[PDB]
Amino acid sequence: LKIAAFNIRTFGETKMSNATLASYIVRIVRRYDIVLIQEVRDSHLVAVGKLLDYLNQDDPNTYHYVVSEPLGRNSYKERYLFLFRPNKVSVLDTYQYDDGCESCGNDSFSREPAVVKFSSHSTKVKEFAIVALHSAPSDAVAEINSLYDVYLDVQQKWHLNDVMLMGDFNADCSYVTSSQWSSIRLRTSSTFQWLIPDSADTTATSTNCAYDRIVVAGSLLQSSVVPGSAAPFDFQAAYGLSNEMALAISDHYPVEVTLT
């Protein structure tokens, strides 16, 4: 059971119209039984809709989806998109982090994280959740720190300890320095294992940065993890691309993990 999180730069109608670019996205998506796609800039769900058309044009139920309304504090907006294989996992319940009120989501999160109760009969973990974040770069320290409150909430609502937390956290280089790791309860706490290391390069550009992350809490979900299966997916090499091509797919690599 492979799980992945993938920031797809300005993913929208323009990207999906382009067929080269669409074959590759599909080639990457088909790798996974659960993939979170971020930076969905699709005002009427036409890009989303186009992709599912490709994934389900043969067997109708290859994938099912979870999607958010567009989120952002101000006018620039994007959505979280979850595709999963229904035949290996199902969704028990989903919700959006509301910080404990109607309009509190944006009191600490520019893009209010989406939470998903997946049911997996193939792995050691039977039920577990995934929390999705694409932080505000200028506020990564606080936002990531705030994922800790989100974990407490997931325990409170679902009485679940087994939680994968992931997304483009902007968790490196300019945006989170070494000294700042101590300001993030998610990292200093013993409850969480950080599966993608700090020395990892999750960017398709010539920067070396550990921005995209995968974090796990709870014995059953921790035990399920295949050691050395957490890692970035370098599609440029994988597919033998030129930089320009890789670049025009996204400026991030998916982060993946395998569960048993």
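The numbering used is simple: start at 1 and walk along the sequence shown.
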What about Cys104, is it left unmodelled in a third or more of the other PDB entries we looked at?
yes
When the Cα temperature factors in the entry are averaged, is it 198-206 or 51-59 that ends up higher?
51-59
Per the entry, higher mean C-alpha B factor between 97-105 and 161-169:
97-105
Residue set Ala136, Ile144, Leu83, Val131, per-entry CA B-factor max assigned to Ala136
How does the C-alpha B factor of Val150 compare with the rest of the chain: lowest, middle or highest third?
middle
Lowest, middle or highest third of the chain for the C-alpha temperature factor of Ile184?
lowest
Quick tally, chain-level thirds of C-alpha B-factors: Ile8 sits in the lowest
Could you tell me which third, lowest, middle or highest, the C-alpha B-factor of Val40 occupies within its chain?
highest
Lowest, middle or highest third: where is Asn74 by C-alpha B factor in its chain?
middle
